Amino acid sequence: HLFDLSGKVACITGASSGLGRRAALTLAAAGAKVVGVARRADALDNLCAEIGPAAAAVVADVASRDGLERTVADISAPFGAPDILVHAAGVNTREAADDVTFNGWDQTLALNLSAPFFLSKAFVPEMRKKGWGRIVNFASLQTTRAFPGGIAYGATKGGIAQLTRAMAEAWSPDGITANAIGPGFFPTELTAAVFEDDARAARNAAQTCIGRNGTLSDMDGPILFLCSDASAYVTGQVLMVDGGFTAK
């Protein structure tokens, strides 16, 4: 009952790899129709093949300002206006502070901070008409903890926390909750610089309370929790899925 997503439409950005891909899998398994958004078709088609006819694929650069109107139309085309929006697209350039370039900084802010806001803003009117909506932003361990090479990334992930609260303040009266999941270290696109260094992966695993890094299945429950009726009275929260990394 509470975690059933039948009759719901979800859009997932960054859906061609890692956490966005698994999020699309989990929401589809819960009965949702899913629209995966990514830059490159071929991985989106792989994902859609794994899911079947409940999955549609949209190729788009969600950071592109010119593209926004068409991106929104294409997302809405297969299954109608989405009820659920999971913003798993992100980038970490890994430029340390004294090496940051204008372009690395600007691309990080455009994808991690500006894109989730303008995409959500485009989709809110239909959610408000329905009186029901779920926005899941992606926070980070660098929402609160500065790691080497993460200054732009950290800026945007600290931004995502207050942005999530702001979206709640603006839109939760209309039945749209806005929360942010903060994964720890998972084998994803945005890692593997970490998961190629066996020793660093071991340190990171030892920093958690549990003593291990995440596996993709770890995100199934949290994603479902935040995207369903179960979380109706949870809004404007950061939920860390990190094995206790932040508790130590």
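Numbering starts at 1 and runs along the sequence shown.
Taking only CA atoms, the mean B-factor in the PDB entry is higher for 55 to 63 than for the other of 219 to 227 and 55 to 63.
Comparing 41 to 49 with 65 to 73, the stretch with the higher mean C-alpha B-factor in the PDB entry is 41 to 49.
Ranking 169, 126, 174, 106 by the C-alpha B-factor listed in the PDB entry places 126 at the top. The PDB entry assigns the greatest CA B-factor among 30, 199, 206, 181 to 199. Per-chain ranking of the deposited C-alpha B factor places residue 163 in the lowest third. Annotation for residue 18: CA B-factor lies in the highest third of the chain's modelled residues.
The entry lists a Cα temperature factor for residue 138 that places it in the lowest third of the chain's modelled residues.
Per the deposited record, the Cα B-factor of residue 118 falls in the lowest third when ranked against the other modelled residues of its chain. The PDB entry assigns residue 102 a C-alpha temperature factor belonging to the middle third of its chain's modelled residues.
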